[PDB]
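Notes follow once the structure below has been shown.
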Amino acid sequence: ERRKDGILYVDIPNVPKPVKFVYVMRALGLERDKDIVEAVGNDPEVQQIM
Amino acid sequence: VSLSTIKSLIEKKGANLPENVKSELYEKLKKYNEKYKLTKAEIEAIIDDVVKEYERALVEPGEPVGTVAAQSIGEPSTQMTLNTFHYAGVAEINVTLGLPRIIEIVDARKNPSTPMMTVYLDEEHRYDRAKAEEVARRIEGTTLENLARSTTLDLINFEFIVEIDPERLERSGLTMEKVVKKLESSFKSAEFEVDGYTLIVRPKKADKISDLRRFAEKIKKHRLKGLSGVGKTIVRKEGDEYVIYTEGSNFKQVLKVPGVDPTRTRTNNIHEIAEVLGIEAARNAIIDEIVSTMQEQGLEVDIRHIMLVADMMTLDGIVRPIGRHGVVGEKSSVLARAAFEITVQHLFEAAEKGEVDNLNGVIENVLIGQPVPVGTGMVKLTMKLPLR
Amino acid sequence: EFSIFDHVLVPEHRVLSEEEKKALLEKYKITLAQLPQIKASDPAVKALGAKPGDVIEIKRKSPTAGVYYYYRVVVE
Amino acid sequence: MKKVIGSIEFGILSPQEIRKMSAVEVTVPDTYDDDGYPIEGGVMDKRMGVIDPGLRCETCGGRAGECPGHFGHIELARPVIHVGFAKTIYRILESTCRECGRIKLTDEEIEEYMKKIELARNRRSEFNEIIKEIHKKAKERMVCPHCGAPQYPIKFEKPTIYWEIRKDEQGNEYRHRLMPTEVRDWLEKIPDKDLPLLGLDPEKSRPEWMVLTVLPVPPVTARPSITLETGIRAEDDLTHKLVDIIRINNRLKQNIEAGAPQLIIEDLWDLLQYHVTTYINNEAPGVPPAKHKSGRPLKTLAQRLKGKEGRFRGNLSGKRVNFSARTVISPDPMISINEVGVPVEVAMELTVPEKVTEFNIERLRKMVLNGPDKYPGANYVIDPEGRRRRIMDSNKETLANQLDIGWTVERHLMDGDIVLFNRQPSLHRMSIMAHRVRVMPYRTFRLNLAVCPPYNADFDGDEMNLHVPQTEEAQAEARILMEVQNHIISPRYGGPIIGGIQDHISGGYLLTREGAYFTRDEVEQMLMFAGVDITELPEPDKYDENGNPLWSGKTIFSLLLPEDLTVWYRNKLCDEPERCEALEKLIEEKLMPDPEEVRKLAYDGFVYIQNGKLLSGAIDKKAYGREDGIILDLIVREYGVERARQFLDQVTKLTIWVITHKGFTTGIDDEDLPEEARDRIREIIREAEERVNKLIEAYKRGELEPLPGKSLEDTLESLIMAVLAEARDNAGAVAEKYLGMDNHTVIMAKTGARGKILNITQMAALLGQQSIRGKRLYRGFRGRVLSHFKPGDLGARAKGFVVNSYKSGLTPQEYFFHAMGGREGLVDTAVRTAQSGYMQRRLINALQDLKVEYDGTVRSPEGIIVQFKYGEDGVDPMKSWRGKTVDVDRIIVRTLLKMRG
Amino acid sequence: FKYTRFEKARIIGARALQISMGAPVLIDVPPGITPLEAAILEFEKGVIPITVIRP
Ligand SMILES: [Mg+2]
Ligand SMILES: [Zn+2]
Ligand SMILES: [Zn+2]
């Protein structure tokens, strides 16, 4: 989900509460900020959003 | 027979009749006398017939008016349409119709789904389209989006050039310098390099796309001229004068706008009417709303049932929902309330308060096994025993 | 300058005196607590000099009978 | 000797009342005993009442089934806090001084609050608000205005534990637990005058009685042992809880009398309190639910009442009532409107009890001689003492010679008996009415056709229920209050609701149509069929070519109307207003023109009746239709109900006869149009499509003005829909123009008997735009509805506009669009029923208590006056003409004509 | 004074119950009719002993 503030969240069924998106990507071994940005595309506005 | 004689005879014989009945009788008797030369005997016979008919038409004690009114309201609704329409008119404002509207009025929701105000005009501005448009501008609640012919939201280089149409500007009565002056007087922390027929904005050197997007949308829908919470206005011409229909709900503010006739002005939101004009006005507005909603669907319902419902709703100064939230939920009969709840604390509260159940209802008497005090359950009989 | 009583939706209001109040109360065999109530914050009350515990006579304009009298009591 | 409970006032029992009301002091926790006998001093004593068979009650001396049971009491060792009153007790403690016990409030505040309470007594919500306000004001105070003593804060711990936060000599706050004895001592000192402000009545609920000192024991009937399939006496949960209560009470008492330490006394006190709380309410907050012997929560007093199927909410229900039947219905107009046909088999089961008297002894004797097999027979006979016997065949010959005054015979249904008739769902008042029985063969509830509208019934498998009242009072109520005759005028809008529907209108038009004449044979036959009492034909009007006499339909119809009826109005067939204007001019000029002049000016669009003679006009829906039945309304409101019933029962049969023997049909050629009309429709459609394409092009090239209410696309859609609707209306107008009145379908539409002009338009000329939720069809593939259109197309043909009528046949895409429209209609029909039902239920629950008092006022169930002079004029909506109290115009005209004639 | 239809219904019910219980009929009636139409005819003739009390 994307909240009204522009911050992304992930809702895992077991986890009682949503997690921030970058935390979830880093838990999966994708730690680089550059790589995290690259994994979702290259459109500059999207890059600025992330 | 001089008209004074007819009036005197009416007052002499039909003194029991209501005022409207005797007035209408006088009018039509005058017309028929001037057309057919009636004598006094016919007038006396006519008045006696009217009195007898009125006496026959009176309701008898013990009639269960409440159940009859409830049924006569509920039954037509089953034949009435069930929303799921989008009436797209040109000189009209979308308004919830039919069953949803009836439910909203009956449950007295705080804010209607489609608030709408009817604004009349004083004598000066009533008989001209241009003065009506002027009052509209006073009440238009004009927004930059409506003024703009089109908008270009180009975030790629941090600017926002919105194209303003001259015709909408002329209709609103505002000029580019005027609107820019108002905007800067409101948006102090901004720089407006207005050029030609385009507005140019900058968010005090913002950094991220989202910030400028939010700032641009903040300006786009920002109000320039007009009372709060008012959208489009459709000035029509009904009868002979021009009447200003309007969206939104600012019933107390609009009454102070010059050129607005406050006596005839009405609004959809009944709660606002209760706040501004009082509770009797709220009752009358409820009656009129239900009548109009029934009429637009072609159904016919007697005014008396709606009057009873409205009187029952506004029984204690404040308009309350007729359902279990405001009327049923406060039933005095603890037995009647008992078979509507999930807890037993109401029994303890009633016992503490020493509440007395008068058994004046229906459910409690039915549960006990006693005649309901309506209709034939009201009468008492006596007889003189010596019989032939 | 604009008074609420000039609006078509607002019928005329009046304040009853003690004698007529008691005559009305005796006519229907009722007490003060059994009448409909109008809050002290109602604009019609403010336009008048009404005080709590008083009975307001309302002269409705009825679609069926033309003139019709309704009564309310003032509470907090 | 039989009185009626007029009111029930609730209060709080006092310990003295519980002591004297009860009979046996239960002390020993004794069960049913091995031999199933009540043990003395046990929970089920004989003074409590007996449910076990073969023994007598100790108190009343009644055998099981006739002893109502009796109450017993338990003497508690220590005070116990009632769970329900715990919050009330806590609120009271925070409002009264610890020393004096009076309300911590100033006298002026007391006076003001007393006045406000006296004013707002009836309104429960406002009373609670005032109580809460006073409670807050008193609790916020710290120094008693009377004593000046400090009031240490009282803390409430759920469910029944109270802590007094006191300050030691060092200022530290420590929680002092208030034992129930302390609470009782606090509560006793509260004076009576302070109770009304505190929210109490000092005659039925005193605060000291909230803390229980004596616990009453319900009688054995109230806690019966239902036993088990194995024969084990499965006890009541209340019985087990009472046993535990008795055990713990005896234990606490014996340890108290033994000088036990304070800790063990406190332990037993808390055990007693917990057991009492779980016995009163096993689901009280903060209370562990006591487990049954099987480990399930025990059903206790609270659970026994707050059940949907319990005493509350459960007694009101719908079950199989006695003496009822249900079967499909079939039509027949040969019976009166207030009659119903009953199958023989049903009539031989739904017996009605009749007491034999002197004037009906022989009829009942014959009936009981018939036995329970011949139709005019009986099934049960009751002797004056009270025994019931079945007639059968063994003692059929007797029970008749020994039948005299004072017996009761349960005879079969016979003609003339009163019977209710119901159709579910029952929406308005007219869904139940009383009919007269007429036993006929086969198995269907025959119903007259004029009675269909109020029931809202169609003969396509609909079923109906009938109930047979048994007692004389119920029969009289049904006969006088509920008969079909009295309910002709609908209470809703004040007009008729019973009248002709389909043939009664079309056949009436055929009979009264201009230029319709009947021969002597037809006249006599139809008059005899209608039941009209006649014995000489009127003078013939016009002679046939070969010499036979003829009669116009207008005179035949006039033979039914009363002798002094006079009325005139405009019907639905008025298409040339000039003729109506001329007729109105003449009538208004004279008020009684010579009937010869009217004949030359006759016009079937203008009904005019003079002294019961139909002079001009034709019969249509406005005569005696479902609504706006001018003539039927006039008959009802001026000649009594019986005359109206006779008139309806005659006109129905007359019209049915004329339509049956005159021929009425409809074929495939009823919607055949001439070539010119087809060309006109085609060119209209083509022009509309061209305009729509022009609009689309203008939108595409940016030439569009968006009105403020809509964007560009929404404005485009609005314009398209308006254009298409206007085109459909124009096509319908053309089709209606080219369709003559002699067409049977056009007759049915115009007279209002059945169908609308839109139906003819759709069947002949054009079907029109199809919409979902008021919008053009849009839900489909990406940018197109179907797959056979180019994507991004907004043309009329591609978004639900169908150009083929039903006669021409629809192309597959048009068929799919029509299917979408029909599906939407069906869904709306399905949902609106539930929504309307919910709203009606709410309204009825709110308003079902109001009634008209004997002085004309309408009073709420709690005594508040809702409306003086109900309706602000006192006129019943049924008795009102059409909303107006008195139609003085009709009164003036009728009186003037009657006296000037 | 005019009988409301509820009053008439109650009067008819009471009279029919009394006639069924064994009370004599104040007017001659055709044979083979139930108590109900007997009471209805009694009311129609205007011969009614029972009266109503109004507050
Ligand atoms: Mg059906
Ligand atoms: Zn007993
Ligand atoms: Zn004190």
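Labeling convention for the structure tokens: chains A, B, ... as they appear, residues from 1 per chain, ligands from 1 in order of appearance.
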I'd like a table as a Markdown table: residues in chain B with an atom no more than 12 Å from chain A, each row giving the shortest atom pair and its distance in Å to one decimal, only C-alpha atoms counted, sorted by chain and rising residue number.
| residue | atom | partner | partner_atom | distance |
| --- | --- | --- | --- | --- |
| B:154 | CA | A:45 | CA | 11.5 |
| B:155 | CA | A:45 | CA | 8.6 |
| B:156 | CA | A:45 | CA | 8.0 |
| B:157 | CA | A:45 | CA | 11.1 |
| B:158 | CA | A:45 | CA | 11.7 |
| B:207 | CA | A:48 | CA | 9.9 |
| B:208 | CA | A:48 | CA | 7.1 |
| B:209 | CA | A:45 | CA | 7.2 |
| B:210 | CA | A:6 | CA | 7.9 |
| B:211 | CA | A:5 | CA | 10.2 |
| B:213 | CA | A:6 | CA | 11.7 |
| B:214 | CA | A:5 | CA | 10.3 |
Selected residues, N, CA, C and O atoms, written as a short mmCIF file (atom, residue, chain, number, x, y, z; two decimals), in the first residue's frame, please.
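Saved file result06.cif follows:
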data_model
loop_
_atom_site.label_atom_id
_atom_site.label_comp_id
_atom_site.auth_asym_id
_atom_site.auth_seq_id
_atom_site.Cartn_x
_atom_site.Cartn_y
_atom_site.Cartn_z
N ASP B 154 3.02 19.94 -15.01
CA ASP B 154 4.32 19.44 -15.47
C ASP B 154 5.33 19.49 -14.32
O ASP B 154 5.92 20.53 -14.03
N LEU B 155 5.52 18.34 -13.68
CA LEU B 155 6.41 18.21 -12.54
C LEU B 155 7.87 18.01 -12.93
O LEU B 155 8.74 18.05 -12.06
N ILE B 156 8.15 17.80 -14.22
CA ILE B 156 9.49 17.43 -14.65
C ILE B 156 10.51 18.55 -14.45
O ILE B 156 11.72 18.28 -14.41
N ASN B 157 10.07 19.80 -14.32
CA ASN B 157 10.99 20.91 -14.13
C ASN B 157 10.48 21.90 -13.08
O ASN B 157 10.90 23.06 -13.06
N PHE B 158 9.58 21.45 -12.20
CA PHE B 158 9.09 22.23 -11.08
C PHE B 158 8.45 23.55 -11.51
O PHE B 158 8.95 24.63 -11.18
N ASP B 207 11.61 20.91 -3.08
CA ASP B 207 12.61 19.93 -3.47
C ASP B 207 12.02 18.69 -4.12
O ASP B 207 12.50 18.26 -5.18
N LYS B 208 11.00 18.08 -3.52
CA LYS B 208 10.46 16.81 -3.98
C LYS B 208 9.19 17.03 -4.80
O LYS B 208 8.48 18.02 -4.63
N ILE B 209 8.93 16.08 -5.71
CA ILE B 209 7.78 16.16 -6.60
C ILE B 209 6.48 16.21 -5.81
O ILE B 209 5.56 16.97 -6.14
N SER B 210 6.38 15.40 -4.75
CA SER B 210 5.13 15.31 -4.00
C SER B 210 4.77 16.64 -3.36
O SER B 210 3.59 17.01 -3.29
N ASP B 211 5.77 17.37 -2.87
CA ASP B 211 5.51 18.66 -2.23
C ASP B 211 4.88 19.64 -3.22
O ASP B 211 3.88 20.30 -2.91
N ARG B 213 3.34 18.84 -6.01
CA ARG B 213 2.03 18.33 -6.39
C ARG B 213 0.97 18.72 -5.37
O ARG B 213 -0.12 19.18 -5.74
N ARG B 214 1.29 18.57 -4.08
CA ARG B 214 0.35 18.94 -3.03
C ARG B 214 0.09 20.44 -3.03
O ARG B 214 -1.05 20.89 -2.85
#
Handout entry: residue 496 in chain D surroundings by only C-alpha atoms, 9 Å radius, close-in-sequence under 6 positions cut, as a ChimeraX atom specification
Key = /D:487-490,624-630,632-633
Shell around residue 28 in chain B at 12 Å using only C-alpha atoms, local window under 3 positions removed, as a ChimeraX atom specification: /B:3,6-7,21-25,31-36,43,46 /D:887-893
Nearby residues, ligand 1, 6 Å, only C-alpha atoms and all ligand atoms, as number ranges by chain
D: 458, 460, 462
Using only N, CA and C atoms, please write the residues we just selected to a file, as a PDB file, in the first residue's frame.
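Written output follows (result_38.pdb):
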ATOM      1  N   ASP D 458     -51.654 -12.277  -8.191  1.00  0.00           N
ATOM      2  CA  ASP D 458     -51.838 -12.712  -9.564  1.00  0.00           C
ATOM      3  C   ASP D 458     -51.977 -14.224  -9.574  1.00  0.00           C
ATOM      4  N   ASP D 460     -50.823 -16.913 -10.856  1.00  0.00           N
ATOM      5  CA  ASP D 460     -49.711 -17.624 -11.473  1.00  0.00           C
ATOM      6  C   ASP D 460     -48.967 -18.437 -10.428  1.00  0.00           C
ATOM      7  N   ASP D 462     -49.695 -18.153  -6.991  1.00  0.00           N
ATOM      8  CA  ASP D 462     -49.704 -17.516  -5.685  1.00  0.00           C
ATOM      9  C   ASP D 462     -50.551 -18.318  -4.709  1.00  0.00           C
TER      10      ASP D 462
END
Check: Within 10 Å of ligand 2, counting only C-alpha atoms and all ligand atoms, which protein or nucleic acid residues do you find, written as a PyMOL selection string?
Finding: chain D and resi 46-51+56-71+219-221
*asked:* At a cut-off of 9 Å, using only C-alpha atoms, what residues contact residue 321 in chain D? Leave out same-chain residues fewer than 3 positions from it and give the result as a list in words.
replied: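 Once the adjacent positions are removed, what remains is residues 318, 324 and 467 of chain D.
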6 Å shell around ligand 3 using only C-alpha atoms and all ligand atoms, listed as a VMD selection string: chain D and resid 97 99 to 102 144 146 to 147
*asked:* Residues near range 48-64 of chain C, anyone? I mean within 7 Å using only C-alpha atoms, not counting same-chain ones fewer than 2 positions away, as a list in words.
replied: residues 11, 12, 13, 14, 15, 16, 21, 40, 44, 45, 46, 66, 67, 68, 69, 70, 71, 72, 73, 74, 75 and 76 of chain C; 872, 873 and 884 of chain D
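For chain D, the residues having at least one atom no farther than 6 Å from chain E, when counting only C-alpha atoms, are residues 355, 359, 360, 363, 472, 473, 476, 477 and 480 of chain D.
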Writer output for current selection, N, CA, C and O atoms, as a PDB file, in the first residue's frame:
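File result_28.pdb, as written:
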ATOM      1  N   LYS D 355     -72.669 -23.313  19.668  1.00  0.00           N
ATOM      2  CA  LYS D 355     -73.474 -23.749  20.797  1.00  0.00           C
ATOM      3  C   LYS D 355     -74.924 -23.895  20.367  1.00  0.00           C
ATOM      4  O   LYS D 355     -75.487 -22.997  19.736  1.00  0.00           O
ATOM      5  N   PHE D 359     -83.304 -22.030  18.475  1.00  0.00           N
ATOM      6  CA  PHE D 359     -83.618 -21.690  17.094  1.00  0.00           C
ATOM      7  C   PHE D 359     -82.701 -22.365  16.085  1.00  0.00           C
ATOM      8  O   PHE D 359     -82.836 -22.109  14.884  1.00  0.00           O
ATOM      9  N   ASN D 360     -81.773 -23.211  16.530  1.00  0.00           N
ATOM     10  CA  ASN D 360     -80.917 -23.926  15.593  1.00  0.00           C
ATOM     11  C   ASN D 360     -80.711 -25.379  15.999  1.00  0.00           C
ATOM     12  O   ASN D 360     -79.708 -25.984  15.607  1.00  0.00           O
ATOM     13  N   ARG D 363     -81.054 -27.971  12.838  1.00  0.00           N
ATOM     14  CA  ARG D 363     -79.950 -27.940  11.885  1.00  0.00           C
ATOM     15  C   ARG D 363     -78.744 -28.687  12.433  1.00  0.00           C
ATOM     16  O   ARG D 363     -78.124 -29.497  11.734  1.00  0.00           O
ATOM     17  N   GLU D 472     -67.213 -16.305  19.620  1.00  0.00           N
ATOM     18  CA  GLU D 472     -68.225 -15.407  19.074  1.00  0.00           C
ATOM     19  C   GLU D 472     -67.707 -13.980  18.966  1.00  0.00           C
ATOM     20  O   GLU D 472     -68.028 -13.272  18.006  1.00  0.00           O
ATOM     21  N   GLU D 473     -66.922 -13.534  19.945  1.00  0.00           N
ATOM     22  CA  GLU D 473     -66.391 -12.177  19.891  1.00  0.00           C
ATOM     23  C   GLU D 473     -65.496 -11.987  18.677  1.00  0.00           C
ATOM     24  O   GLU D 473     -65.593 -10.971  17.977  1.00  0.00           O
ATOM     25  N   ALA D 476     -67.662 -11.812  15.525  1.00  0.00           N
ATOM     26  CA  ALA D 476     -68.321 -10.520  15.391  1.00  0.00           C
ATOM     27  C   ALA D 476     -67.335  -9.446  14.960  1.00  0.00           C
ATOM     28  O   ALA D 476     -67.656  -8.596  14.123  1.00  0.00           O
ATOM     29  N   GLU D 477     -66.129  -9.468  15.528  1.00  0.00           N
ATOM     30  CA  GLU D 477     -65.116  -8.499  15.132  1.00  0.00           C
ATOM     31  C   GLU D 477     -64.769  -8.640  13.660  1.00  0.00           C
ATOM     32  O   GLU D 477     -64.674  -7.643  12.941  1.00  0.00           O
ATOM     33  N   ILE D 480     -67.850  -7.367  11.468  1.00  0.00           N
ATOM     34  CA  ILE D 480     -68.197  -5.950  11.490  1.00  0.00           C
ATOM     35  C   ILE D 480     -67.020  -5.072  11.091  1.00  0.00           C
ATOM     36  O   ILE D 480     -67.197  -4.061  10.411  1.00  0.00           O
TER      37      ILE D 480
END
Could you write out as a short mmCIF file (atom, residue, chain, number, x, y, z; two decimals) with C-alpha atoms, in the first residue's frame the residues of chain B within 6 Å of chain C, counting only C-alpha atoms?
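Dumped to part-v3.cif:
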data_model
loop_
_atom_site.label_atom_id
_atom_site.label_comp_id
_atom_site.auth_asym_id
_atom_site.auth_seq_id
_atom_site.Cartn_x
_atom_site.Cartn_y
_atom_site.Cartn_z
CA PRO B 18 -62.33 24.77 10.30
CA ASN B 20 -60.15 26.97 5.60
CA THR B 263 -37.90 34.78 3.76
CA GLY B 278 -35.87 26.78 15.08
CA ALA B 281 -39.18 25.22 10.74
CA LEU B 315 -41.12 15.82 20.05
CA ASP B 316 -38.42 17.16 22.40
CA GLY B 317 -36.87 20.17 20.73
#
Practice item. List every residue of chain A that DSSP, applied to the backbone of this structure, places in strand (DSSP E or B), and write the result as a PyMOL selection string. Key: chain A and resi 2+8-10+19-20
For the selection you just gave me, I'd like the residues written to a file as a PDB file, in the first residue's frame, keeping C-alpha atoms.
ATOM      1  CA  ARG A   2       0.933   3.651  -0.487  1.00  0.00           C
ATOM      2  CA  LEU A   8       4.931   2.456   1.148  1.00  0.00           C
ATOM      3  CA  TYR A   9       3.948  -0.454   3.380  1.00  0.00           C
ATOM      4  CA  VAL A  10       3.722  -4.238   3.066  1.00  0.00           C
ATOM      5  CA  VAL A  19       6.059  -3.062   7.692  1.00  0.00           C
ATOM      6  CA  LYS A  20       7.808  -0.275   5.834  1.00  0.00           C
TER       7      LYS A  20
END
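Shell of range 347-354 of chain B at 7 Å, with only C-alpha atoms counted and residues fewer than 5 places along the chain excluded, is residues 334 of chain B; 9, 10, 11, 12, 84, 85, 199, 200, 201, 204 and 205 of chain D.
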Considering only C-alpha atoms, return as a short mmCIF file (atom, residue, chain, number, x, y, z; two decimals) with C-alpha atoms, in the first residue's frame whatever protein or nucleic-acid residues lie within 12 Å of residue 7 in chain E, sequence-local ones (same chain, fewer than 6 positions apart) excluded.
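Everything below was put into out.cif:
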data_model
loop_
_atom_site.label_atom_id
_atom_site.label_comp_id
_atom_site.auth_asym_id
_atom_site.auth_seq_id
_atom_site.Cartn_x
_atom_site.Cartn_y
_atom_site.Cartn_z
CA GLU B 60 -63.55 8.08 15.79
CA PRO B 61 -61.75 7.48 19.09
CA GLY B 62 -59.73 4.30 19.38
CA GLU B 63 -58.44 4.42 15.81
CA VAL B 374 -56.66 0.08 20.62
CA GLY B 375 -59.98 -0.07 18.85
CA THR B 376 -62.31 -2.57 20.48
CA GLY B 377 -59.92 -2.87 23.42
CA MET B 378 -60.88 0.63 24.55
CA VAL B 379 -64.63 0.39 25.15
CA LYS B 380 -66.49 -0.65 28.29
CA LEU B 381 -70.01 -2.07 28.38
CA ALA D 476 -68.32 -10.52 15.39
CA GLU D 477 -65.12 -8.50 15.13
CA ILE D 480 -68.20 -5.95 11.49
CA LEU D 481 -64.66 -4.57 11.34
CA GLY E 13 -69.87 -9.65 20.17
CA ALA E 14 -71.24 -9.39 23.70
CA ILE E 50 -76.22 -3.07 26.19
CA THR E 51 -74.92 0.49 26.38
CA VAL E 52 -71.45 2.02 26.33
CA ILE E 53 -69.87 4.29 28.94
CA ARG E 54 -67.64 7.08 27.72
#
As a check of understanding: the span from CA of residue 820 in chain D to CA of residue 765 in chain D is 20.9 Å
> What is the distance between CA of residue 42 in chain E and CA of residue 408 in chain D, in Å to one decimal?
Replying inline: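 About the pair CA of residue 42 in chain E and CA of residue 408 in chain D: they are 22.8 Å apart.
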Q.
Using DSSP assignments from the backbone, pull out every residue in range 26-71 of chain C that falls under alpha helix (DSSP H) and give it to me as a ChimeraX atom specification.
A. /C:26-27,43-47
Written selection (N, CA and C atoms) as an mmCIF file, in the first residue's frame:
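Generated file (result-v6.cif):
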data_model
loop_
_atom_site.group_PDB
_atom_site.id
_atom_site.type_symbol
_atom_site.label_atom_id
_atom_site.label_comp_id
_atom_site.auth_asym_id
_atom_site.auth_seq_id
_atom_site.Cartn_x
_atom_site.Cartn_y
_atom_site.Cartn_z
ATOM 1 N N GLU C 26 -55.596 22.389 32.477
ATOM 2 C CA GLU C 26 -56.786 21.717 32.981
ATOM 3 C C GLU C 26 -57.644 21.161 31.852
ATOM 4 N N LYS C 27 -57.612 21.789 30.675
ATOM 5 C CA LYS C 27 -58.459 21.337 29.576
ATOM 6 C C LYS C 27 -58.096 19.932 29.118
ATOM 7 N N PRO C 43 -33.715 29.505 18.405
ATOM 8 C CA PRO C 43 -33.759 30.922 18.015
ATOM 9 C C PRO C 43 -35.097 31.583 18.280
ATOM 10 N N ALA C 44 -36.202 30.847 18.160
ATOM 11 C CA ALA C 44 -37.504 31.425 18.466
ATOM 12 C C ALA C 44 -37.595 31.823 19.931
ATOM 13 N N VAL C 45 -37.021 31.011 20.820
ATOM 14 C CA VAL C 45 -37.004 31.359 22.237
ATOM 15 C C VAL C 45 -36.187 32.623 22.466
ATOM 16 N N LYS C 46 -35.009 32.710 21.843
ATOM 17 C CA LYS C 46 -34.162 33.885 22.027
ATOM 18 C C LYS C 46 -34.846 35.142 21.513
ATOM 19 N N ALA C 47 -35.543 35.042 20.380
ATOM 20 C CA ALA C 47 -36.263 36.197 19.859
ATOM 21 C C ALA C 47 -37.327 36.675 20.835
#
Neighbours of chain C in chain D at 9 Å, counting only C-alpha atoms, as a list in words: residues 115, 116, 118, 119, 120, 121, 122, 123, 855, 857, 862, 863, 864, 865, 866, 867, 868, 871, 872, 873, 883, 884 and 885 of chain D
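In this structure, CA of residue 286 in chain D sits 24.1 Å away from CA of residue 208 in chain D.
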